[PDB]
C-alpha cells in the first residue's frame, strides 16, 4: 500500500479496533511500522519500535478481559492521518468498567502506523 487515502485511513483504523477487540497482538504489531512510536496514554513517555510495542500490547491485552468498539466514525485526513473515538470494556476492581479513548494515528507510505497517540485518563474510566 501507498500513503493511505482518507478512505483507506478509515478502513485501517477500524481494522485496528477489530484487532484490539479480538486480542490479536501479533496482528496489531504488524500494523505498526518497524520503528513506530506509541504514546498511550498521551503524556506518558513514548514507546519505540515493534519489540517495545509488542511488549506493551502483551501487558495490556495479553491478560484477556478486553473488548473494544468504535463509538463514532473515523475522522481522516488527506496526509495519511486520522483520529477515532472508541470505548474499551475491561475489568477494574473485579467488575466491568468502560474506558473512553481517542486514538490519533499517522500512517507511512507503506500503509503502516508510524505514530499513535491515545488520549485518555482516569476521568474517562466509568463503572456501574
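Residue numbers count along the first chain shown, from 1.
With 89-97 and 69-77 compared on mean CA B-factor from the PDB entry, the stretch scoring higher is 89-97. If you average the C-alpha B-factors over 34-42 and over 55-63, the higher value belongs to 55-63.
When the CA B factors of the chain's modelled residues are split into thirds, the value for residue 24 lands in the lowest one. The PDB entry assigns residue 112 a C-alpha temperature factor belonging to the middle third of its chain's modelled residues.
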